[PDB]
Each structure stands twice: as C-alpha cells, then as structure tokens.
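Okay, so here's just one chain, in structure tokens, the form deposited in one PDB entry.
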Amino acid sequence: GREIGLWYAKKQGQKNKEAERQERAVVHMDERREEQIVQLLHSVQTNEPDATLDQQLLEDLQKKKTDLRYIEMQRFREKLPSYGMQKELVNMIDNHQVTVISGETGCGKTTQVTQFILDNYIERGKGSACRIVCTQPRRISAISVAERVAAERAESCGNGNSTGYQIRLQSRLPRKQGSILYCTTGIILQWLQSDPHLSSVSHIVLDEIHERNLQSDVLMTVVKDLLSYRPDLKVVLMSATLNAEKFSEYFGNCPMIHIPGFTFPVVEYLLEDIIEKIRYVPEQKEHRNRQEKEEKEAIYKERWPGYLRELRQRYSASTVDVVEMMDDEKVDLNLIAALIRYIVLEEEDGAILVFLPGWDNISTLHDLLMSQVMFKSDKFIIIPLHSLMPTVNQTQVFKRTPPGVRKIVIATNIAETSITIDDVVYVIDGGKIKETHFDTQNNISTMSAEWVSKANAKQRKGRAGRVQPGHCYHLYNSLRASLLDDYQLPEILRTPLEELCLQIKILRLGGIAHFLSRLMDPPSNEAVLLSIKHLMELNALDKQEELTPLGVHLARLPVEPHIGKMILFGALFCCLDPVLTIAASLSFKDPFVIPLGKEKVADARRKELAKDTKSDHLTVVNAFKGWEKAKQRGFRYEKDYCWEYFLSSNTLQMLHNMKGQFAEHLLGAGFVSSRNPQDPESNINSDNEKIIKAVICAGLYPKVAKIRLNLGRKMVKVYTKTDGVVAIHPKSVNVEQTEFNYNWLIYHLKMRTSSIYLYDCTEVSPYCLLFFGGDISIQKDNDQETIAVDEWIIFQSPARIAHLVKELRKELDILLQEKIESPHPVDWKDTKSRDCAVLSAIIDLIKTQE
C-alpha cells in the first residue's frame, strides 16, 4: 500500500538531501589575490493678473468667433449634452471650491468643462488669471483629449496656444496664463516636490476618478489636505455616475452635478437569453481567497436552487439544462462560437467584439473560429486584440469594412478602455477579467480570473451602441449579474506601497502612516508596516522613518526602490548602459511581442537572443543592442529586425527615452559626470556580463532562488526561501535549460497564477551574493568549511579566505555608504578605489565555473 511508497519516498528524499551537501560551489581565490587583499586590508584599515493680456485674450476671442472652422466646430459641439449645462456648470464651479461632475458615455465632460471655465473667465475680462490643469489616467487619453480640445478651439496643440498637454518625456506646453494643460496624474505629483502649493494653478480637474488608480488617489488626498492652504484654488472631480456620491462625501459633501449621456439604445441579453435564442446544444458530454469572496460565493449557493425554478416557467427546458451543466472558473468558448455563427448567419451587418480574460482563451477561440470552413474565407476578418501582440493588428482594427464582410475582434480589457473601435455593433462579454491581489502575509502577488465588475460590465455594454443601435450579450446568468461587485478593488489595496511610501516621504507630507490613513479606502496596517520594514531593510529609511541619503535618491528616481538601487550601483560601477536598459525593461514592459499562432517561434527566437548568458535580463540588452545596430543600416533593416525577433519598436523607443531620463537624473544628483548613457567614462565595465550580473544582484538581492539539478531526463527544480518550490515561466529563456554553471537565480517578478512562477530569471555567481547580499557568516558543518550569506546561501571556502571576504565586504559597505552620502565619480588612480577595484577584479577573473 501507501506504506511502501512512503518508505521509498523518504529514503529518496534523504538521498537527494544528502546530495545537497555535495554540490555547493567552491569559493576560491589564488594565493596572489589573497596576498593583495591582505595588503589592501592592512593599509586601508589604518501668472499674476496682467490686464493687457486679458484684454488681448478677449479681443482674440471676439475676433476669432467669426472664423469658419470655429463655427463648424461649435455646430458639432452643440450636439453634446454638456453644452446644455454650461451656465449651470460654470456657476456651480465658481460658487464652490470643490464640485463633483458625473457623466455617462458621450457626455463629453472631459473636453467641455475645462473649455467652459476658460471661455467664461476670458470673456469676463479676467482671462489672465486662469490656469486649468486636467489630469488623465492614460498618456494616449491625455494626448487625444488635448488635440480634440485644440481642434474644437481652432488652434494647434501647445505651441503657445491655449490648450496643451504634458506626459512623460513628451510635452507641448500651452500659454503661461489662460491655458488648459492635459497632463497625466503623475506629472502633478512631481510638481509638488518643488511647488507643494501649486501656486500658479487656479483650477485643477481630476478626470476618470471612478476607476481608482494609485496616482489619482494620492493626488486627491494631497488636494484635499492642501485646500486649507489655498483658499482660491478650485477643484473639479469627474466620475461615471456610479458611486459618484462617495467622492462628494470624501470632500465634505461638496455639490454634485450630473450630465446625461447620449448613447444609442443597446439591447442586453444574458446567458439564458442566448441559449434560448441560438438553440445551443453542448457538444462535449464529459461534464464530470477570503473575505467578501466567501459571501458572494455563498449567497450564490444559498439561492442557487431558488433562482433555478424561475427559469422552468418562462423559458424552455433545454435552457435550464444548459444553465445547470454550465460551470464557472472557465469561459465556454463553444457557446461563443455558436453565438458568433448565429450572428453571422441571421443578424444584420456589424462588427463583433468579444471580451476574454486571457491570451489562452483568445488563442483557443481563434483556433475554434478558423477551424470551421466558413471563417477561413475572405468574407470574415478575425483580429485578436492583446497588449502583447504586434501593433500591426492594432492599426488594422479601426479600418471600416465592406458591408458584405464581417469583422470579429477577440480582445482582453484593452479594447474596453484603451482601444476605441467606434464601429462595433455586437458585443459578447465573457464575464471574466484577470485581477491581481498582493498577499501581504506571503509577500506574493497573485493573478486569477475573477468575475467582471458592474462598472466594467457597464463600460463593455457602452462600448457598443456608439454609431448605431447595438447588442450586448453577457455570458453570466441573472443571478450572477445581480450578485456582482459594484466596482473593482482599487490598486491601493492590491499593490505594494514601497514606491508610494518613498514618494510620501519626498513630498514632506508628514508621517507615512498618517497620510496613508487619510486616504479614502485606506490600506491595511499590515501592508504599511511591511512596506516600512522593507524600506528600512533596504536602508532607504533610518530607524525614525526619515529619508536616508540613499532614500533621497531612491525617492527622486521614477522607478521602484530596488530598480533605483540597481541604477545607482550601475552608475557607481561604471556599467551604466546595460543597467539602464535592464532597469527600463523592468519598470515598463519587455520589447518582445508575440503574434497569434507563431508563439513557439517567438520562444525560439528569444532563446537565440539570450546566447549563453542564461539570463532573461541580458537578452533584453542583446535585443536593444541589435535594435540600435539596425538603425545605422536604415529603416528597412529596423523593420526587418523587429519583425524577425518579434520586437516592439515603440517599446524600444520608450525604453531609450527612459534611459536618457535616468542618465539626466544621475547627472543632476552628481553620480556621473555626463548626460549621455553611452559616455565611455561611465561605461568602463559595460562589456563585462559578470559585472552587470553583480549589479543586478546588488539591486534586487532578497529575490534569490536555488536550483537543484536532479536526475530521472535531467529536470531542474527551483526553490525559494519563502515561497517554497516555484517554477520558471515558459516565457523565460531558462525554462528548458539544464547546463547551469551556478545554482542560484536572481529574479524581479514573481507571481502566482496557478503555480508560483518566476517570469524573469538570471543565473548569478557566488561572489555577487557575497559582496552584494546579506550578512556573512563563517561556520563549519561537520567536515566542510563554509561561508554563508543570509544563513541559507552557503558556499564552500577555507576559514582564511572566508574571513578575508567578510572583512572586504564590510569595507565595501562602508565605502558604498560614503559614496552614496557624497556622490562623486570614482577616479581609478590608486587613491581609495582599490576597494572597488579588487572586487571588480575578483568578479571578473576569479570565478570560472563550478
């Protein structure tokens, strides 16, 4: 029975356990290096209100009222519902400090309210004292709104005109006074560093606050606690008419206004309606978290019988049978295929937009669709929409189609907010959306496919019915629809707060706990304590929650604190360019994209790009180097390279701009003596992959994994100190790699979807962990003489070598604190750079293999 198997398994595990203490690396330096270290240790140890401007603005407004383009634009704008409330909106804003505006889809509140305020100020003779700033949650949204408003005003965007925008690394600044600026929310937070009061800003508008991102909440709290200091500033908040009362309550019951929307009628169908209408018969016959989740999940199964008999009277028996056999935790793509076939058979012309949770669902639905004979012809176009697919499909989705053909788009929630087709008539909404929750207890981030929210369902329904009446099919029964969450949980309760805590400390917003508690929907105390503990362990904050000199640079850097530490270390060790590229990739996406079908080829090309570095961080460096090399040969070679390795040119350009920004910040802080990341003086060690790996280890140290090379096949098992047994994601370049020189990996992203996965990994060498890791100890197990880092990263070494390494590590810690405290480029002429030079030499030369 199980006894024999358990007895065999215990012995096998013991044999594997006994084999662990036979496979440790042998940290070993030669006699000459040890003598040099001994000598070095022994030696070293011993605005305003201008009237003429307002007059000119009024004269321009009067003279330009007769322009033909402006007349046409106002004829277009007249159709907007928000024009009917212009007098009410202006009076409400002018008579109260804070107002809340609720508008449905098509109300145009984004492009009209700011124009209303600016024009009203201009024609009253005080147009030189208006400075309106409207915040947007997306860069493309800000750009589009800015250009739309500028066109409505018959003026060019920016260029000294009234309207403009400013996003990261792109800005078209408008006039100093009497202007509208459509920036992202993150721009305003950067303003508070040097202008805490926003003295030049008279009106500030917070847009799309119904969806609760971190930056919007932080800015809202800052504005709330700043109003007492500025009695003349006016605040406008825009919501989506759902739970718009809570924002008014948060601001002391400020007046609230509502703009009716203007959308074509949309017919809504549920699962039972689809089953009854399309007569869907299942083909396969093989049908055989905490807190709020438990409740909803429970009431569902406390009424499940009671709800069911209500379908046995109005509807048919087949519908009830199919509903009964229906199962959650998945999206029935057979039902989607049957519904699509029904629509293409006897429904009128119109694009179909299907909302799916993940990429696997998109792939299997696309395969199911094109497996049939009818969809493989030229009378149907199927476009999958996903942020990881090449832009050639994003630019091919807006084009109108001939009336004979039909366009079917299978999309994630990107098409719900970012992509606006403005052509879809039929919408099929699988009620699944992927959400991420941060488990502070296990310090882990988890993804799962949860039921879509009420606001998300309303937005999906409103996606159709833009240019003509449309249909919305919902893949969940009425009981699920009525038992659905009103809003998605804000990311303030779903993300780590380390960067947020550093930003709070850099804005002089008082204590971290106090400011976080003053937030609406405040985070739990456990998350705040964990963030502060991580920051103090990182040595970014001292004991008394104050900004350590390293913490100042970390906070002023627009990245995560670990990424900022990596950037500082790269600037200090003169490997600036690869470290900056890796940091940009870690902060904002990887340049690799994947097209549908050709997915294995993508992984083959990715492994080709990684050469033999056994790391997915250096493959990004290789891809960036190849992309830069292709430019010097021409644009055609650039396109060919991006099409060969499945890269994203836009992402690569963005990464280049982020690298330039980091270099500019480092020059400002004084770490480097140049602004170009490619300056050789700051890129002495840029060609050494070992130094780059050491700097990566220095940046994200505590994220370390252990490899145990077993034998049957020669599989690899990866262990983590806190997460237990984990796995390497198939997207990684080390998922099928077995020739590992060292048994330690470094990772940045670790997420739990079905099993704990390390999305990016990098094989790292013992001296990197020795000189850039935790505490060092020198013990002796039985016979073996060992040196260990953090009591679990153990290496083999004699006592003398280990003690010299420990003393060298202490000396480098002191030197690093000195260098960070008073930044200055390191001069490599035998003065005090010997401490860093010897570790560079050790990492370069001493380590060869295991």
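Start at 1 with the first residue shown and count on from there.
Just so you know, the form solved in complex with a small molecule exists too; it's not on screen, but the next bit is about it.
Looking at 465-473, 774-782, 379-387, 581-589, the stretch with residues near the small molecule in the entry with it bound, meaning non-hydrogen atoms within 4.5 angstroms, turns out to be 465-473.
Proximity to the small molecule in the entry with it bound, defined as a heavy atom within 4.5 Å, singles out one entry of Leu227, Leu507, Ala455, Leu80, which is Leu80. Of the candidates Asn743, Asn683, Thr110, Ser162, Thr110 is the one whose heavy atoms come within 4.5 Å of the small molecule in the entry with it bound; the others do not. Contact between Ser418 and the small molecule in the entry with it bound is found at the 4.5 Å heavy atom cutoff.
The small molecule in the entry with it bound is not approached by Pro282, whose heavy atoms all lie more than 4.5 angstroms from it. Contact annotation for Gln661: none of its heavy atoms lies within 4.5 Å of the small molecule in the entry with it bound.
Within 4.5 Å of some heavy atom of the small molecule in the entry with it bound lies at least one heavy atom of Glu104.
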